[PDB]
Protein chains: 4
Amino acid sequence: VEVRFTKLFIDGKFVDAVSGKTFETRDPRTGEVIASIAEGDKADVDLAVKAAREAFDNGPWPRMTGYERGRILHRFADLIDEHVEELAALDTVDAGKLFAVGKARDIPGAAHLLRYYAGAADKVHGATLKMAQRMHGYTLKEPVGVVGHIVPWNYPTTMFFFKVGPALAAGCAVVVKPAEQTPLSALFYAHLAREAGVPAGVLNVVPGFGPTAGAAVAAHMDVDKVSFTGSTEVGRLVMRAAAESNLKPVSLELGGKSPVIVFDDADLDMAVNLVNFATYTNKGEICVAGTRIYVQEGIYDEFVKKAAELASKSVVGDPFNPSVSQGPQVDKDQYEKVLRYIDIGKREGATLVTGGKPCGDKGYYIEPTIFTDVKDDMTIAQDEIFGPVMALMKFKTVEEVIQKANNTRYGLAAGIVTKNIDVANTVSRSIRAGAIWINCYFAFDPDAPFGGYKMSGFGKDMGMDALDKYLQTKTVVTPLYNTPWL
Amino acid sequence: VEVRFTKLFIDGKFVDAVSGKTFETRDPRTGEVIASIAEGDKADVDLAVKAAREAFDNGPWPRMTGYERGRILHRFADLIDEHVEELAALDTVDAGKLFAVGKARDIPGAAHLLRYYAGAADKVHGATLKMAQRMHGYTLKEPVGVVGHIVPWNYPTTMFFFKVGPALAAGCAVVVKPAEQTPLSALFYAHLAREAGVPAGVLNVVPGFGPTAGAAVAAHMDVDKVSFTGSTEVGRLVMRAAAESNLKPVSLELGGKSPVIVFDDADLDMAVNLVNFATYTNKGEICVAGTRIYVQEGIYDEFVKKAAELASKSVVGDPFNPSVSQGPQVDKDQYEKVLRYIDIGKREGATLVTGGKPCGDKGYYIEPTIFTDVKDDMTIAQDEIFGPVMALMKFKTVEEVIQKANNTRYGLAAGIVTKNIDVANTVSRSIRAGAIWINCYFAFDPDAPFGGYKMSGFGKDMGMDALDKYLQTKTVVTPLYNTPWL
Amino acid sequence: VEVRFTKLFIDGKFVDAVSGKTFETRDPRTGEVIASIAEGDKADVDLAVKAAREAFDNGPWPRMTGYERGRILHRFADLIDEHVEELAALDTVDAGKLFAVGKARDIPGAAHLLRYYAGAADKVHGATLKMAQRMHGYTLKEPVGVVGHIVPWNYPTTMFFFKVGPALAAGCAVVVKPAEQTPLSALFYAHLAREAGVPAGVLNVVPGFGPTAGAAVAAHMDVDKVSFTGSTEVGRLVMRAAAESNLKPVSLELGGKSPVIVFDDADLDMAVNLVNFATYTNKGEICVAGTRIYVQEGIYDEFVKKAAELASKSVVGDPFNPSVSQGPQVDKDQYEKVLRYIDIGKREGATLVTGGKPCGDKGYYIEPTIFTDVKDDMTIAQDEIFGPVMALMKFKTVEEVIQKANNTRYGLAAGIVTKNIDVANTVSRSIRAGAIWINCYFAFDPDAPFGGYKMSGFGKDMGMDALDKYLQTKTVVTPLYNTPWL
Amino acid sequence: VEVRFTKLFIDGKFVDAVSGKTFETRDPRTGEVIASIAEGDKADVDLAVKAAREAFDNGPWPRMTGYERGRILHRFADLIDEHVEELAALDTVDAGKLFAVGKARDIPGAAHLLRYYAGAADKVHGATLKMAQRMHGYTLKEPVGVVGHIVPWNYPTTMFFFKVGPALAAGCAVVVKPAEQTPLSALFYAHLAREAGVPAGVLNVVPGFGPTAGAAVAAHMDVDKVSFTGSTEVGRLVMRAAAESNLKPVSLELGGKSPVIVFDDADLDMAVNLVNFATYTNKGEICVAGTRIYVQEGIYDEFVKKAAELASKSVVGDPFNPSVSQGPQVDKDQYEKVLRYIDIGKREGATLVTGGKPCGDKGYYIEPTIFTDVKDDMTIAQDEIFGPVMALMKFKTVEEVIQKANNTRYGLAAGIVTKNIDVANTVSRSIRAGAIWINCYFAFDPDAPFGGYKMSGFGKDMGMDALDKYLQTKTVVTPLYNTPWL
Ligand SMILES: NC(=O)c1ccc[n+]([C@@H]2O[C@H](COP(=O)([O-])OP(=O)(O)OC[C@H]3O[C@@H](n4cnc5c(N)ncnc54)[C@H](O)[C@@H]3O)[C@@H](O)[C@H]2O)c1
Ligand SMILES: NC(=O)c1ccc[n+]([C@@H]2O[C@H](COP(=O)([O-])OP(=O)(O)OC[C@H]3O[C@@H](n4cnc5c(N)ncnc54)[C@H](O)[C@@H]3O)[C@@H](O)[C@H]2O)c1
Ligand SMILES: [Ca+2]
Ligand SMILES: [Ca+2]
Ligand code: NA
Ligand code: NA
Ligand code: NA
Ligand code: NA
């Protein structure tokens, strides 16, 4: 895989870091260096924010009609689609993601999401109000201004567009800080945005480390809003940094411990295939991965046997190979962390059914893992592993499983497998999670808002809701004289 | 039962008709005269429209804030609740409706629907637009003006408020023409509206005949909008009258031939009790009555036996008696029409399972009727009977029953009885009817819009949609100069 | 100008009329025959409705996701943009419209409007309701089905897309009946729709006469909705035809008698230039043309003199010539009708200031006309002329001008020229017209709903409102069990 | 004035603090002790949160229909209205607020705002989505859960209801921590809520100090959301406390430095009376007080003379006296802080036009103060004083004044005084503040959202927006089978 975009993207230009420093990105297949990327720090973020400030305050982008920003975003989406193979290859080498899924789903899904916001750009509405005095009131929806985005490594393309798509459609100027593990595709997008007609300073990309570049975005006095996706720990630092700088609003997606509930009436093969998909997609490196599987007692035993057969059949290997179902973990730290959690599961008394060990000659490959006899307060039942590890459990009643599903500090997503309308309605309304997937999984859609409850964070990505977070509501009021109606 | 309100209500006053004429209202229990009511004609409608015109053009009502119209409507709703016994008694003697249901459901349901619109009155919003030019655009929601309402006899109170509630909340002045069979409660409401603080000319009630008073409302040159509920035939006359007068928009609720579909997986006792409820409530005198019952072959035989037991045991008699489940038909014409359809049913080859004959010494009482071996092309399977008559049929497949459900001129409502989520979703999306009731029936709610497809008419009653039909949308646009965002 | 599309477009094919008959389209520049077009009658409309019925009931179009219908409409909009010169030329020869305006505004404005609906296609929302019982209620937005569009000759492209854009985005199948005077561009669009991927039977175009083909669409038993733009007289026949056939809902845009109000604080040159634009654009052949000009007494005299100078400077001639400001009237009937109205103005005592006579050797050219000393009840002050004729009047007070502006049976649009915020708010809220243009004119926008009050008709074209008229609202309700919240 | 409610209100009961401790509330008119109030600390907040948790998790309140919560809130609003004199008297003695304004505006305005949310309770809607797959998606609006409210002393009643009204309407259980300076009316409301039928644990009121009780609410592990109104400094502490506890979302109203811009074309007497009203209402103790007055050069000199006349004649004294226009500052700290800013104003070179000194024998009375020759970089032009102090300045151009208006850390509200439509539109769109009041001031309305930009905070109080912050959006998705439309 070739890398042509390695510098920072500030003010419509690819530039080196002020320090002249570079950091390395590694391929999880081998641990070998892919490329050396310019290492942005506080000085580079300051330059990107100044570029974003100039583009918003005096530049053409927010002054454009919504229709003309949409036309530019539609051209940007078309360019993504023409570089689909190169973009998927970049994400496969940077993050260990399956190339076939990158081409078929991930990269076109990003272009599709950017089309959704491009189509929303000329349809943004405020309200005309109903005053309880002889006055005319209305609200204006205005771009927030300079927005700072801090993004993780698991879905580099997807996360980039969840943030960039709605913010740019709203008329904002952005500074994106991609994960140190995955800076590649974000620099390619900065190049495509420029080609599409996105003006200089509207999209700034500052690759670099978290406590340096990432913290500089969160603490910036001239950034109006920050949207952050990543760990619960860093989410606390981002929220604190906003409080101690300029009181900028913040939106956070902090991961979860997603339960999947399988009832007695489920089709066994469908439910096994669905749970396998929920747990092992992207080597378990997803904020919404099925992690706690609750299977009703009537089908429990047959489910365990089928889940074990299917997991052990999974082809683990080179993500570029189309016969491969599971690639390596992102890097060494993640790989080692998943191994520690697997050891924890064994140490606390859970039963290892399949996997639970690394595989292959080289690379960060871990066997799809199933633990049974998992108790609700166990570490593997409470902590986000972010790896190919399932906690398989049994339940008797609906009331009992609702309590189990909600026995977590998280609340991002949940899966329900049942044919009964009443069970589906009772369970979906009772689980404290932002997204409920009934007889499907990872049912993300550009039109559907996505965001957590509890420690999964707050604010939405996707849907019209995401567009609304990059718009301020301004109330304007004037008295009325001789009105024939009120 | 005593009648104290017998005159027309025009310009905040109870007045006699210009002609001095009166018509009689009869008790369906005996055919006896209840009271003599002032008979409004074209001259009285002209006086009511002039009163409504003055109240809208120069009066305080549309000039009030939404909050202050809401406070008056809240007072109006409270007054309804304090006169529940008297109001229910009036609708029983006038329409042959059950007194216990009047007190428990019908009359408080009207006060409740009035509170829903009172609460919407101060929350009406238009939009601020997203112009594709350097312009500021917005929409204003203004009261339509003078509204004419033509209502039927089946739910006198309910129909009155479906129309009056949203129109008064919006700031309109109304002219109500109640059915000749049921003018009583509408005059009591005109008295309560005045007591609540509804200004003179805002709510006018002109009891009288259809081709005289009703036609005068539909054809009026100074009525801005008309809402009609009743027969398909008259609906054609109302729509035509609007076209040949001032091109006022209309909304029409024209009744239906509602199917109820019972699948193999339903709880038989629940399904039987639900269908019995759907077919026989208010002696079948409902636009949404369950008329065509489709029962899947696996449970068909047991369903027929159980449906016949419930229909045959049903207590037919005095609607004032709390042990009575079914009162008399509204009047002689309706009673005779139901009897003609029962006779056509027999002559066309259907099987009479139960009823199919009048009962009692006096009054317009008809036995709950079940016909089996009903073919889709039969008159009783195609025409609205508006009586206690069920057409009970069998089906094998989902695809077959979707076609059967849609094999009608109408599209008002449909019932589905199944526990399976997928069947419920497939069937509900496939039936061309405005309201789909899954595992329930008559699930009307102030927040839920109600209106037909096909020959059942167009426009909505109930929900925020009903409020929207009494508001005009006015687009206002001005250029913008030196805007820092667009 | 070359004509390559002359046949009917039924079921994705260009076909001759069942009768084999053809009618001629003439060029208003000469009165010479442009082309012979297949003459559709009741038999051809029946074939188009059957094609539309098959495409909706069993075809892929409504089964597509909103996103995929949008992608097809975006391709359709791109194709319009690449045939901009040919399309403008067709509209110039068929309707006598300025070629420079066709290329710069009319044709790209249509492609732009189709992009607006393409972008709305994947964002259509219903509601989840707030039930006052232990129930879950929601609304579904479903395509209405087979839609019939009857369109006038004044803006052939614009009118076509106002109707087709939202109906196709919603998932409907259409039968368009273009005006006999302007069938050309509509057949070119049918060809472009097919090229874009619009499936067979989704867009049917039946050129032909009004009482034959047009009446056949309005009276069709299998058309679910009709949208009509044209004369008040025909609007009555369309509404009546719906009432006497299947009770299909109807939306009507019936023309107007638009007032423009100029206050004492207006910039004289700006207001004169604005009024000149409002009155004479498209030779006065617009439903929203400035027809009644009210100028405040303080500036009245200077306004008349300036309006006369400017009108007499107007270059009347060949619409293909870029130096020409005003083309010929559509045809002989329109030309003669405008001349009769000019004679009426003189006959009833109005003062002819400029024009009021035909000009040139050949073609249907009429001089821009100004009448002063126009009284409010005069025929030229009350009737839609649809020609280059201004009724210039004086007023003293705001209260007086509000009454004058509303002294009409129409209510489509109005213009206000003032710098004062309070006058603008009082006047805009008091004029009973669907569109208020403050210090601008013809401020149409894809995001702004457009539709009349009073005899201008009802229903909206443009904005999200237009999309809503091709969608039915279906209420679906189910009970809830053990819900932790309601 | 008598005080009957002095204890904490936890779990539907008036209880003493766990410690048995009490704190004193003083009358700003004398510095005299009014009453001794139970002093809530971390232990009492823990008991209130447990009561709120029980009421939400297992209690009837969120299980009620929206309509039934609305009926209780309507009863609650009626009770407020019957105790208006007593309620106003309590806020006068506690906050030094005018008694006449309490009775006429403040207390009935709270009952009115409570009616607005009661009316919204049965109308809360989510959406049915437009999926880009063969799936059915929808959103549910569910109560957030347990909500903590931290309120200031300036508008005790108003602030209480801005928070409590929408949160209770949404189905939440609340813990309110009123300001130590103003705990009185909040305990009276807790008593009225109970009387109205608000269930035990739904509304808890914990009077007490900020770093103790207030910090305990902000840092609570079982509080789902927090709303804070007060100083910027504490706002940082609240946001940080959320980040370091459970990552609960916050909303913050942090005050401002509101500019009022008077253009050359304003009616001088109207503009002067409006600015006087904006600056001195509630002795300048308002987050939206007019603080920086910018007057255009053409009228500057006459404005200063007229503003000084009105400020100097203003009746300062007993807030119980109806002839009094300005009461004392809340307490000693506020009084001393205003005096320090007056001294900084003089020391930094500003010109004292009037006031600038304390008045009277006893009480915290400060003379209405005007400073001229105020430069944009001065402390009195940059810091929120929260006192009767005006910074009166001159400007030449629109562009200049837009920059001056935005030369602040804050962005809460701004006033514009002009008759010109274009200046009003340009200026209103250009000022970075949440509320723009044109030719009026303090134009708050239950239907109008209110919230700041920049360092004034984020989130809205009032309008439907306030209701939305107490509702979670849950996305629910299921596949579809054999759908005839998508
Ligand atoms: N859809 C409904 O809710 C509903 C209700 C009652 C009756 N109906 C249908 O109608 C049958 C009974 O007929 P009906 O005479 O009672 O109904 P109808 O349609 O004649 O009467 C409904 C209302 O319209 C008025 N009306 C009658 N003729 C009119 C005219 N020419 N112009 C204007 N208004 C006119 C009536 O006075 C009454 O107020 C029933 O068997 C049933 O099929 C439907
Ligand atoms: N924005 C507003 O509406 C508003 C209102 C009142 C005061 N203020 C500002 O604050 C100044 C006065 O300061 P103040 O002490 O009265 O305001 P404050 O910010 O200290 O108090 C507001 C509320 O927060 C509570 N609080 C205080 N310290 C807390 C802490 N550590 N954690 C949690 N809650 C805590 C208080 O008890 C009170 O209920 C004024 O001069 C003005 O600038 C702003
Ligand atoms: Ca009749
Ligand atoms: Ca403090
Ligand atoms: Na990497
Ligand atoms: Na009767
Ligand atoms: Na022609
Ligand atoms: Na006090």
Side-chain angles (χ1 to χ4, degrees), chain C residues 1-17 22-28 33-40 44 48 51 72-115 117-118 149-165 167-168 174-208 213 229 319-320 330:
Chain C
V1 172
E2 293 178 353
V3 183
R4 40 200 253 250
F5 306 104
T6 60
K7 299 191 198 292
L8 317 174
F9 192 89
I10 299 161
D11 208 14
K13 298 163 279 179
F14 276 104
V15 291
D16 292 317
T22 57
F23 69 97
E24 0 190 81
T25 188
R26 296 162 191 87
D27 178 4
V33 173
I34 301 167
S36 239
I37 311 303
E39 189 211 316
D44 312 288
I72 285 158
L73 300 181
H74 270 117
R75 180 49 179 173
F76 186 5
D78 293 330
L79 289 166
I80 293 167
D81 277 333
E82 63 185 63
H83 297 276
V84 76
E85 286 191 41
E86 201 167 352
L87 293 160
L90 267 42
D91 277 13
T92 297
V93 81
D94 232 13
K97 298 181 69 61
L98 301 175
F99 180 57
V101 178
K103 279 140 79 189
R105 182 173 181 183
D106 309 335
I107 290 87
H112 173 177
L113 186 76
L114 187 69
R115 285 184 181 105
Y117 293 104
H149 292 134
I150 305 144
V151 296
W153 46 262
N154 68 309
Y155 274 82
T157 291
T158 315
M159 296 294 117
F160 187 90
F161 289 99
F162 275 12
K163 305 301 191 185
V164 171
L168 253 53
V174 313
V175 178
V176 183
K177 211 294 298 171
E180 54 276 33
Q181 297 95 337
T182 62
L184 311 177
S185 63
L187 302 168
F188 203 108
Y189 296 128
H191 156 82
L192 294 180
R194 180 170 62 181
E195 235 212 286
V198 172
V202 176
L203 179 54
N204 311 280
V205 189
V206 185
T229 307
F320 276 120
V330 73

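Convention: sequence-line order gives letters A, B, ...; per-chain numbering from 1.
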Can you give me the closest heavy-atom contact between [X] and [Y], atom names plus distance?
{"X": "C:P108", "Y": "C:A104", "value": "CG-O, 3.5 Å"}
{"X": "C:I10", "Y": "C:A51", "value": "CG2-CB, 4.2 Å"}
{"X": "C:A89", "Y": "C:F320", "value": "O-CZ, 3.7 Å"}
{"X": "C:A17", "Y": "C:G40", "value": "CB-N, 4.3 Å"}
{"X": "C:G102", "Y": "C:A88", "value": "C-CB, 3.8 Å"}

Counting only pairs under 3.5 Å, give me each side-chain donor-acceptor contact of residues 191-205 of chain C, with atom names and distances, residues two or more places apart or in other chains.
| from | atom 1 | to | atom 2 | distance (Å) |
| --- | --- | --- | --- | --- |
| C:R194 | NH1 | C:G12 | O | 2.8 |
| C:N204 | OD1 | C:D11 | N | 3.0 |
| C:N204 | ND2 | C:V174 | O | 2.8 |
| C:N204 | ND2 | C:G201 | O | 2.8 |

All side chain to side chain donor-acceptor pair (under 3.5 Å) counterparts of [X], not counting sequence neighbours:
{"X": "C:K103", "result": "none"}
{"X": "C:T158", "result": "none"}
{"X": "C:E85", "result": "none"}

How would you list, by chain and number, every residue that makes a side-chain contact (heavy atoms from CB on, under 4.5 Å) with [X], sequence neighbours excluded?
{"X": "C:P152", "result": "C:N154, C:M159, C:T229"}
{"X": "C:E180", "result": "C:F23, C:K177, C:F209"}
{"X": "C:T25", "result": "C:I34, C:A35, C:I37, C:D94, C:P183, C:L184"}
{"X": "C:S185", "result": "C:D91, C:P156, C:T157, C:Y189"}

State the [atom1]-[atom2] distance between [X] and [Y], to the nearest 0.5 angstrom.
{"X": "C:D106", "Y": "C:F99", "atom1": "CG", "atom2": "CZ", "result": "12.0 Å"}
{"X": "C:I72", "Y": "C:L114", "atom1": "CD1", "atom2": "CG", "result": "11.5 Å"}
{"X": "C:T92", "Y": "C:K97", "atom1": "OG1", "atom2": "NZ", "result": "8.5 Å"}
{"X": "C:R115", "Y": "C:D78", "atom1": "CZ", "atom2": "CG", "result": "5.0 Å"}
{"X": "C:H149", "Y": "C:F160", "atom1": "NE2", "atom2": "CZ", "result": "9.5 Å"}
{"X": "C:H74", "Y": "C:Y117", "atom1": "NE2", "atom2": "OH", "result": "13.0 Å"}

Looking at side-chain heavy atoms only, is the closest gap between [X] and [Y] below 4.5 Å?
{"X": "C:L187", "Y": "C:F14", "result": "yes"}
{"X": "C:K7", "Y": "C:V15", "result": "no"}
{"X": "C:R4", "Y": "C:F188", "result": "yes"}
{"X": "C:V151", "Y": "C:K163", "result": "yes"}

(message) Just to verify, what does C:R75 make a salt bridge (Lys or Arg N to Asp or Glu O under 4.0 Å) with, not counting sequence neighbours?
(response)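 Applying salt bridge (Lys or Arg N to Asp or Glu O under 4.0 Å) to C:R75 gives none.
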(message) Test of understanding: with salt bridge (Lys or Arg N to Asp or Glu O under 4.0 Å), list the residues that count as partners of C:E24, not counting sequence neighbours.
(response)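 C:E24 satisfies salt bridge (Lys or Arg N to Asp or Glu O under 4.0 Å) with C:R26 only.
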(message) Taking ring pair (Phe, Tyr, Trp, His ring centres under 6.0 Å) as the definition, give me every residue that meets it alongside C:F76, ordered by chain and number, with sequence neighbours left out.
(response)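 With sequence neighbours excluded, C:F76 shows a ring pair (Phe, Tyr, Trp, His ring centres under 6.0 Å) to C:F161, given in chain and number order.
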(message) My understanding is that only residues two or more places apart in sequence, or in another chain, count here; which of them pass ring pair (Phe, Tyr, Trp, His ring centres under 6.0 Å) with C:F162?
(response)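 Per chain and number, C:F162 pairs via ring pair (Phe, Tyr, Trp, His ring centres under 6.0 Å) with no residue.
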